[PDB]
Amino acid sequence: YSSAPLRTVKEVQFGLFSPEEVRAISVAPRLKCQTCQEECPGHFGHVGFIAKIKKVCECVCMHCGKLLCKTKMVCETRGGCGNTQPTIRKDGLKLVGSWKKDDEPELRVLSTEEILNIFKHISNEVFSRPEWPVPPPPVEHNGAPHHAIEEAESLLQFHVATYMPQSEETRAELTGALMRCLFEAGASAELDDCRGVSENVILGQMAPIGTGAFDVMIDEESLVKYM
Amino acid sequence: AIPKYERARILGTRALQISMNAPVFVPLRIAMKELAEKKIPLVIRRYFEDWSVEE
Amino acid sequence: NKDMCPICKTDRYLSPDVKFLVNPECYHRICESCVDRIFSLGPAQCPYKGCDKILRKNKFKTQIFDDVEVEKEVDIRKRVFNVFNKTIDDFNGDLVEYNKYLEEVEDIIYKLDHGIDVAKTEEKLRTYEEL
Amino acid sequence: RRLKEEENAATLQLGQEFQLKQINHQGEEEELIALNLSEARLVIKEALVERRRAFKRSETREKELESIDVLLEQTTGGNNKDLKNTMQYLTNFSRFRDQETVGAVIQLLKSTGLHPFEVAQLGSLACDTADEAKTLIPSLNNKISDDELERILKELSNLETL
Amino acid sequence: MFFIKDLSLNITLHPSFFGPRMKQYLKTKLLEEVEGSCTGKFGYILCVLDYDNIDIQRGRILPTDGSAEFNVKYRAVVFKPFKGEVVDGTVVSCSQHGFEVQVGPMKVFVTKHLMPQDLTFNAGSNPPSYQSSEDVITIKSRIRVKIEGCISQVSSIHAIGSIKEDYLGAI
Ligand SMILES: [Zn+2]
Ligand SMILES: [Zn+2]
Ligand SMILES: [Zn+2]
Ligand SMILES: [Zn+2]
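Chains A, F, 3, D and G are the protein sequences, given in the same order.
Taken in order, the first sequence gives residues 6 to 33, 56 to 58, 66 to 72, 76 to 83, 93 to 114, 142 to 150, 164 to 188, 195 to 215, 225 to 233, 240 to 246, 280 to 304, 492 to 501, 1394 to 1400, 1409 to 1454; the numbers are from the entry's author numbering.
Taken in order, the second sequence gives residues 73 to 76, 88 to 109, 117 to 137, 143 to 150; the numbers are from the entry's author numbering.
Note that the entry's author numbering numbers the third sequence so that position 55 is 63, with each residue one more than the last.
Taken in order, the fourth sequence gives residues 13 to 16, 20 to 73, 117 to 220; the numbers are from the entry's author numbering.
Note that the entry's author numbering numbers the fifth sequence so that position 167 is 167, with each residue one more than the last.
Have a look at this one:
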């Protein structure tokens, strides 16, 4: 038994975790459960956006984070740095930028740190940002040449990608991200009103179809007159 | 509130109430009898407009 | 004791927002951060070696005159002037009496600052206020 | 579009549900109703007697305490231990007994213009000097002069019963 | 502190009460469920004012439960403790860790670290009491306390008191 109010899910607001929230949500046997001594839902602890990341990088300058779009190859210094934006291509699980000279073009790999820094410089503000949790049981320091670090980072990225009638009621009786199916919904902070049959079926609540398209209230005006 | 399948739910809803020892003003058979005599004290909130089962 | 708290040694360069306050009890400079840390919970001994006077948190106030000694004289004079309030008219034009009265008040303030006769001076001050 | 100021009586930061401006059930703006111990005692007992009257239709400290206790038992249901402790606490810690005394106190302190919380403290805590009130009620600092508070406290003790 | 607060509640009636006098049962449920209850958001809900004017909106029948949910609006006096507030009470329990002060429906706990250094615990006196050169604090002794902190749970409120500041302690 729980003392909290019993409610129904009226909206599902998809979004994306912030690094702060993942650390805040995390409780760490801590995932009888050592955290609640219970009924236990499961306590958290602490690849699909590569195309989106590439598009964002092409659509914005990669030095000042100011909107330029993909075809543009110059910052158009309006506030700007004037650097010529590279042509970004997706190779494996990495992004490679190429600069054309003013004679093969210069090429280098845009480090994930560089991409993150630029994204943080870019001007949903609450639920899903471009810059942006271990499932619970129920579900460089020294030396390290650049080659070794790059190989380790590639292996870690590859591993991450791979990892990712019993009642009288029934007796008598006898367009939303969730409805379509989710990554896109989280990126755009899509709000699902849960007005469709699919959403209610997923959440296990009475659907607004047939006997559920209305509400049965209780009237006291008739009750007093019935005695 | 605008100023002034339903049968299946009302019959089942009142049948459950009767099975739970609710007063009878006239379990599925009892609910059907109440509906026939218009003695079901509920209002259907069509989505809104509130309509009494009696009317 | 130039631009930092003697207790926590917080320099103004590293924390420009730091400010200092003085309690009229022993006129000891201390930063507001230390004041909140120490005296917020309750009264406690002043955190200087050789000083044991109990000072309250509310009594802390900002320092106006840079010279600490002048601050003591003014505050003591403020207390004395509250008890002693007279004008030339009060003496009915007697300038000699007015001048003598002012001289006596200054002597009282000087004695309080130097604590030569604090016990007797305080008793005399109390008697006049009641009267 | 909603996601994640600690409450402090001294700073008059009472939280979200006890803000200065309140909305009643009629939608009309109203001032937060904060009651001193004497005012709260009258409100609770006045409601209890009215409730007792509705049910039937369908002085020294000891005698008043007994009268309150018997009334409380008659006109309250189960799980009334909290209210029993409250009435006992209110009767043994109030400063004004009759309604006239409470009315005068409200009229006196309503001219100060302080926060409803602070005025309730003034009528609930006995103090002798403005320094005691200032330290016991920090919110009064830099809001009311010592002379004004001194006269208010002296007048408050004048109307204190017995 | 005591307040008068306009509150709302969601009462549920079993179908057994679906009679011509269901409103009377709602008033009984409101009194028997709210009065004496400790809502951490609003404090100790003590008494309900205007007992003959509670607003009872149209009830809603739950799909499978069969009960009717009623939204009830009422006026009640609620006691909400705030940190930094000064209260008076009578000590009810004393122990080595500290003593409890009863303030209305609330109990305030004063730990050793929140007491003046002069006060010392002593179990020799029966009942155990805290003794100091100027006075002794024990059960039934009136104490003026300042709430240093409150932990308002969903249905429980606890506070820690301090008596170290000036003009506090025994009256
Ligand atoms: Zn758990
Ligand atoms: Zn640029
Ligand atoms: Zn310091
Ligand atoms: Zn000192």
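For every residue, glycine included, the Cβ atom is placed at its ideal position computed from N, Cα and C.
Closer than 9 Å at the beta carbon, the chain G residues around residue i
{"i": "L125 (chain F)", "result": "Residues of chain G passing the Cβ test: none, with the nearest at roughly 15 Å."}
{"i": "residue 189 (chain A)", "result": "Missing from the coordinates is residue 189 (chain A); the shown part of chain A jumps over it, going from 188 to 195."}
{"i": "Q179 (chain D)", "result": "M1, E85 and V86"}
Within chain D, the residues that residue i reaches when beta carbons sit closer than 9 Å
{"i": "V227 (chain A)", "result": "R13, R14 and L15"}
{"i": "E35 (chain G)", "result": "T134, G135, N137, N138, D140 and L141"}
Any C-beta of chain G under 8 Å from that of residue i
{"i": "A1440 (chain A)", "result": "no"}
{"i": "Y1453 (chain A)", "result": "yes"}
{"i": "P10 (chain A)", "result": "yes"}
{"i": "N138 (chain D)", "result": "yes"}
{"i": "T149 (chain D)", "result": "no"}
{"i": "residue 116 (chain F)", "result": "Shown without residue 116 (chain F), the model has chain F running from 109 straight on to 117."}
{"i": "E76 (chain A)", "result": "no"}
{"i": "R64 (chain 3)", "result": "yes"}
{"i": "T144 (chain D)", "result": "yes"}
{"i": "residue 3 (chain D)", "result": "Outside the displayed range of chain D (13 to 220) lies residue 3 (chain D), so it cannot be described from this structure."}
Interface residues of chain A facing residue i [CB-CB closer than 7 Å]
{"i": "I61 (chain G)", "result": "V1443, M1444 and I1445"}
{"i": "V133 (chain F)", "result": "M1444 and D1446"}
Residue-level contact to chain D via CB, residue i, 8 Å cutoff
{"i": "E85 (chain G)", "result": "yes"}
{"i": "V103 (chain G)", "result": "yes"}
{"i": "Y44 (chain G)", "result": "yes"}
{"i": "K41 (chain G)", "result": "yes"}
{"i": "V77 (chain G)", "result": "yes"}
Closer than 8 Å to chain A by CB, residue i
{"i": "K23 (chain G)", "result": "yes"}
{"i": "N10 (chain G)", "result": "yes"}
Neighbour list for residue i in chain D, Cβ cutoff strictly below 7 Å
{"i": "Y167 (chain G)", "result": "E190, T193 and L194"}
Residue i CB to nearest heavy atom of ligand 6 below 7 Å
{"i": "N169 (chain A)", "result": "Looking for ligand 6 in the displayed structure turns up nothing; the ligands present are ligand 1, ligand 2, ligand 3 and ligand 4."}
Per-residue contacts from residue i into chain A (C-beta, under 9 Å)
{"i": "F18 (chain G)", "result": "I1445 and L1450"}
{"i": "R58 (chain G)", "result": "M1444, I1445, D1446 and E1447"}
DSSP bridge partner residues for residue i (one or two, in chain order)
{"i": "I143 (chain G)", "result": "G89 (chain G) and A170 (chain G)"}
{"i": "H158 (chain G)", "result": "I151 (chain G)"}
{"i": "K107 (chain G)", "result": "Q102 (chain G)"}
{"i": "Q131 (chain G)", "result": "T120 (chain G) and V136 (chain G)"}
{"i": "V241 (chain A)", "result": "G82 (chain A)"}
{"i": "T39 (chain G)", "result": "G43 (chain G)"}
{"i": "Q28 (chain D)", "result": "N23 (chain D)"}
{"i": "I11 (chain G)", "result": "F70 (chain G)"}
{"i": "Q68 (chain A)", "result": "Answer is none; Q68 (chain A) lacks a bridge partner."}
{"i": "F70 (chain D)", "result": "DSSP, once it has assigned bridges, lists no residue as partnering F70 (chain D)."}
{"i": "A76 (chain G)", "result": "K5 (chain G) and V48 (chain G)"}
{"i": "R28 (chain A)", "result": "Answer is none; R28 (chain A) lacks a bridge partner."}
Distance between beta carbons of residue j and residue i, contact taken as under 8 Å
{"i": "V27 (chain A)", "j": "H80 (chain A)", "result": "With 8 Å as the limit, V27 (chain A) and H80 (chain A) do not qualify as a contact, their Cβ atoms being about 13 Å apart."}
{"i": "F2 (chain G)", "j": "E32 (chain D)", "result": "Their Cβ separation, rounded to whole angstroms, is 15 Å, which puts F2 (chain G) and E32 (chain D) out of contact at 8 Å."}
{"i": "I137 (chain G)", "j": "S125 (chain G)", "result": "Their Cβ separation, rounded to whole angstroms, is 11 Å, which puts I137 (chain G) and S125 (chain G) out of contact at 8 Å."}
{"i": "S48 (chain 3)", "j": "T18 (chain 3)", "result": "The Cβ separation is near 17 Å, so there is no contact."}
{"i": "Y74 (chain G)", "j": "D140 (chain D)", "result": "The pair is not a contact, with the Cβ atoms about 17 Å apart (cut-off 8 Å)."}
{"i": "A1414 (chain A)", "j": "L21 (chain A)", "result": "7 Å"}
{"i": "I56 (chain G)", "j": "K29 (chain G)", "result": "In fact, because the Cβ distance is near 11 Å, the residues do not count as touching under 8 Å."}
{"i": "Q146 (chain D)", "j": "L123 (chain D)", "result": "7 Å"}
{"i": "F82 (chain G)", "j": "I160 (chain G)", "result": "Not a contact, Cβ separation roughly 13 Å."}
{"i": "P63 (chain G)", "j": "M1433 (chain A)", "result": "5 Å"}
{"i": "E500 (chain A)", "j": "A91 (chain F)", "result": "5 Å"}
Partners in chain F for residue i, counting only beta-carbon separations shorter than 7 Å
{"i": "residue 279 (chain A)", "result": "No coordinates exist for residue 279 (chain A) in the structure shown, because the numbering of chain A passes directly from 246 to 280."}
Within chain G, the residues that residue i reaches when beta carbons sit closer than 8 Å
{"i": "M103 (chain F)", "result": "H14, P15, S16 and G66"}
Neighbouring residues, chain A, relative to residue i (Cβ below 8 Å)
{"i": "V154 (chain G)", "result": "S8 and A9"}
Contact list for residue i against chain 3, beta-carbon separation under 7 Å
{"i": "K164 (chain G)", "result": "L49 and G50"}
Interface partners of residue i on chain D, CB under 8 Å
{"i": "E32 (chain G)", "result": "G135, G136 and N137"}
Cβ of residue i within 8 Å of any chain F Cβ
{"i": "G79 (chain A)", "result": "no"}
{"i": "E495 (chain A)", "result": "yes"}
{"i": "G1437 (chain A)", "result": "yes"}
Chain-ordered chain G contacts of residue i [CB-CB under 7 Å]
{"i": "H40 (chain D)", "result": "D6, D55 and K73"}
{"i": "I210 (chain D)", "result": "Within chain G, no residue comes near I210 (chain D); the closest Cβ sits about 17 Å away, beyond 7 Å."}
{"i": "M1433 (chain A)", "result": "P63"}
Practice task
With a floor of 3 residues, list each beta strand (DSSP E) that falls wholly inside the region 1419-1449 of chain A, ordered by position along the chain.
Solution key: Listed in chain order, the complete beta strand (DSSP E) runs (minimum 3 residues) inside the region 1419-1449 of chain A are 1441-1445.
Handout entry: Ranges of the beta strand (DSSP E) found wholly within the region 34-73 of chain 3, counting only runs of at least 3
Key = Within the region 34-73 of chain 3, the complete beta strand (DSSP E) runs of at least 3 residues are 37-39.
Handout entry: Unbroken stretches of the alpha helix (DSSP H), 4 residues or longer, contained in the region 76-116 of chain 3
Key = Entirely contained in the region 76-116 of chain 3, the alpha helix (DSSP H) runs reaching 4 residues are, in chain order, 76-91.
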